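Enquirer: Take a look and give me a structure for this.
(5 chains)
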2 protein chains.
Amino acid sequence: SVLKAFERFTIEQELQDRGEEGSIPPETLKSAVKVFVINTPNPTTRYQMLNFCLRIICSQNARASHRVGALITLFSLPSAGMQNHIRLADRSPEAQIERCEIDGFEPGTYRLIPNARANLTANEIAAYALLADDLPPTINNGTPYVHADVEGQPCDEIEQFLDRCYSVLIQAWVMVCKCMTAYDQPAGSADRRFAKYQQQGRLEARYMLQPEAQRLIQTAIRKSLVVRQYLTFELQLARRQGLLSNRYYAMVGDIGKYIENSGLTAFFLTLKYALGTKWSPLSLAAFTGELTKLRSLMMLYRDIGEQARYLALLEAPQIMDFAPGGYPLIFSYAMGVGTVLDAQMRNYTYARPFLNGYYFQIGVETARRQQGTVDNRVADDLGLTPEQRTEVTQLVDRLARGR
Amino acid sequence: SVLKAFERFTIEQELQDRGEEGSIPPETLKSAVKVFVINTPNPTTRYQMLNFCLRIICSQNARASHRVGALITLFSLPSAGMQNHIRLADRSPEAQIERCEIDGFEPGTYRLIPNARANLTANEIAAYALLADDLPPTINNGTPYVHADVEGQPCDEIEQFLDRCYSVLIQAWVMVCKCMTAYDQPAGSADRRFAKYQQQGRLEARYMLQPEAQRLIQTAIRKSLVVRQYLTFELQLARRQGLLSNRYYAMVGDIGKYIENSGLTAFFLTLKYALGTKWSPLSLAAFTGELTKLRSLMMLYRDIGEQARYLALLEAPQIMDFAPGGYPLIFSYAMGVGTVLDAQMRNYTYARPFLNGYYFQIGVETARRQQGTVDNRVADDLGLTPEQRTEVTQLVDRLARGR
RNA sequence: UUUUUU
RNA sequence: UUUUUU
RNA sequence: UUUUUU
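Expert: Numbers count the residues shown, from 1 in each chain, chains lettered A, B, ... in the order given. Okay, here it is:
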């Protein structure tokens, strides 16, 4: 009937060439961003570079673009040829890299030596050195390193530098998974994930970061889109990798696994919990108007281009389509099943005003009732007899006590 | 029988070459609209330009065309090369852009310097400067900025300008979604949507707009078709974009998602709620005379050219075809189901005089009765037994209390 | 005719 | 809109 | 996250 037309209509509303678009945007005011490169593998140079960039991260009065450049440098230090990695950042718009080359710091504290190919102004060095010591008062020692001793210690061996740099890089990395989300919340979530890598040994607690620097890195990550684009490509490259790999990319991918779906949490939780745990209510003939939306949304996520696993991290209009408000009722039902099945999900926030309490209570009661609705054509694969089905349901009822 | 002829007839009534017409209209009295361009990326110049345009927005005695030009300039400031964007506005009729070029304001408050290529009259500068301070008495501080301090503060760095300009642009943008609709209503709807972006951080509350300026922008958007055409292309371009994008177009698309279907609300709500939630009544053999109309309307919306998602925003005769009055009875039924299922829809207005109360009450009773009409050939995909169907219906009945 | 919602 | 979890 | 066993 006309229902076929309605279904094709609803899908067509969701296929307005939104998924794949490999085109540039109209040009926009860029930001002159000054970035520095270390061609030689000198470990002392890169160590001083890491310390300098971390200083600039906490530079209180620094220009935003200065923080962007310091961040991009930081994320690019581990690379052998930093020229190539610096090049990749420019592949995105909003990138106007004033790529500079410094063979190394002067024997002064943070005084710099520009190289012949890429030079700068004397006022540049003066302002950068001024920016080198602007540190938050809440931070106790001048260094963000909590141990407050290693920053003084040098390293002339590539191995020691690699360990220190990897540790600091993962320090910064772990904060990404909470970028643009629950920033005002103190570090109640990352420490578990951080401590895991710590006792994995692939992290070092002897070189760790103070919480204030952590939150400053959080702020810088949110404020600067350039670093966001860079983190995207870094992670996209990491995923495509095989088993054998270097230390750094291996760690990056390992953390990125659950870094990815930082958003869509409502969507993923809803889809999983509802459309999987289909006991009683999913067939109601009143959820169709949202099931069509859900199917279209799945098609969207498949045909975005596999980058959708980073939609929240890359603030884009697609989230507005991936919105629970589009499908309030199935959302209510899924929240109902989740608040019963998991224990941690109880700690999750579901304060969307459009939520229908009626369907929410429907979900809760279905979860606490249908526990043990065995009978399926799938169930008969095991071959159990109906007497066995009754036995199973009764056994569930025995432990149903303790509510 | 003849019924085939009737159906083809009714569709043919709806296919009079109404959908796609890439042709110009007969020429009409245009409006000399004076617009200004800033080729250099100077941030102070563009900041002063933004302040000036916002002044002219609230210019009480200004010529309508003056407000049109100020608006178009405002919407075009973020672009790198504003020449190109100014060119696009002229692609529509009713566009007679007196495109002017000003390298920057004079050291006076708002005194202007025209450039050699595009000059004007001295009386032009005099009148524009006079128009610069005409401000509504209801506005407290001279500036529309509620904080009333940043307008004095300068900015010589492109980043600061970009942040300020984006914030102001979204300030203006969010009011578009209510253009030509519920204008007399105070800002009871936009604040939720605005505050969302605010705590998204992509907006800044430190630079926000007073409600009077908001309503003046509303008025200007309604009165001037040129800005409407410009907003259309801006949004049409935004939609076709891919994942990676600049800040500004990303925000524009993100808001435009639900900016789009600003009209057809009756149609979309009706089609969704009725033709989806088909429990009892949809098959009645008395809704056919409107179901044919509905199918034809769906074909119209598909074959308009995907721009139909902006039919209300682009006041066009097609709305008169997309009229509930064409299909009063299915409208009654859908309003009936909606007033039961959603809670917010209760706040919606459905005061069309042609509404049949009988079918409305039919819809209401069907919604409150058929809740839980499980049995479908689709329902059997889950494989539940009729005993399970009775269990589900009874369980719904248990929570049916609380009406 | 247009009036919520996300 | 975004808010756990691994 | 990883923690026996053969």
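Enquirer: ok, residue A:363 to RNA strand E distance?
Expert: 26 Å (CB to the nearest atom of the strand, to the nearest Å). Using the backbone N, CA and C atoms, a C-beta is placed for each residue, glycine as well.
Enquirer: From residue A:189, how far out is whatever residue of the stretch 301-403 of chain A ends up closest to RNA strand E?
Expert: Nearest residue of the stretch 301-403 of chain A to RNA strand E (CB to the nearest atom of the strand) works out as residue A:344 at 11.1 Å. Relative to residue A:189, residue A:344 is positioned 11 Å away (CB to CB, to the nearest Å).
Enquirer: likewise residue A:213?
Expert: 17 Å.
Enquirer: So for those two, which residue has more residues nearby?
Expert: With neighbours defined as other CB atoms under 10 Å in any protein chain shown, residue A:213 and residue A:189 compare such that residue A:213 has more, 22 against 14.
Enquirer: Quick check: which element contains the more buried one?
Expert: helix A:211-223 (DSSP states H and E).
Enquirer: Sort out which residues of that helix are buried, please.
Expert: Using 16 or more other CB atoms under 10 Å in any protein chain shown as the test for burial, helix A:211-223 gives A:212-222.
Enquirer: and it, is it in reach of RNA strand D?
Expert: No. Using CB under 7 Å from any atom of the strand, helix A:211-223 never reaches RNA strand D; the gap is at least 10.8 Å.
Enquirer: Can you tell me who the closest residue to residue A:90 other than its chain neighbours pairs with across the strands?
Expert: Spatial nearest neighbour of residue A:90, chain neighbours left out: residue A:97 (5.3 Å); criterion: CB to CB, 6 or more residues apart in numbering or on different chains. In this entry, residue A:97 is beta-bridged to residue A:33, by DSSP bridges.
Enquirer: How about the residues of the stretch 251-400 of chain A by RNA strand C?
Expert: Within the stretch 251-400 of chain A, the residues that sit near RNA strand C (CB under 7 Å from any atom of the strand) are A:320, A:323-326, A:353-354.
Enquirer: again, 6 Å this time
Expert: Proximity of the stretch 251-400 of chain A to RNA strand C (CB under 6 Å from any atom of the strand) is limited to residues A:323, A:325-326, A:353-354.
Enquirer: Give the buried subset of those residues as a PyMOL selection command.
Expert: In PyMOL syntax, the buried subset of those is picked out as below (16+ other CB under 10 Å):
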select buried, chain A and resi 323+326
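Enquirer: from the residues of the stretch 251-400 of chain A next to RNA strand C, which two are the most distant?
Expert: Greatest spatial distance in those: A:326 and A:353, 14.5 Å, computed using CB to CB.
Enquirer: Make CSV from the residues of the stretch 251-400 of chain A next to RNA strand C and add secondary structure to it.
Expert: CSV is the format used below for these (DSSP: H, G, I helix; E, B strand; the rest coil):
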residue, secondary structure
A:323, coil
A:325, helix
A:326, helix
A:353, coil
A:354, coil
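Enquirer: What is the nearest of the residues of the stretch 251-400 of chain A next to RNA strand C to chain B?
Expert: residue A:354 (6.6 Å; CB to the nearest CB).
Enquirer: Pull the number of nearby residues for the closest residue to residue A:301 other than its chain neighbours.
Expert: Leaving aside its chain neighbours, residue A:301 sits nearest to residue A:308 (4.9 Å; criterion: CB to CB, 6+ apart). Residues lying near residue A:308 (other CB under 10 Å) number 23.
Enquirer: Show the contacting residues for residue A:289.
Expert: B:272-273, B:276-277 (CB atoms under 8 Å, 6 or more residues apart in numbering or on different chains).
Enquirer: Residue A:95 too?
Expert: By CB under 8 Å, 6+ apart, the contact set of residue A:95 is A:30, A:33, A:89, A:226, A:229.
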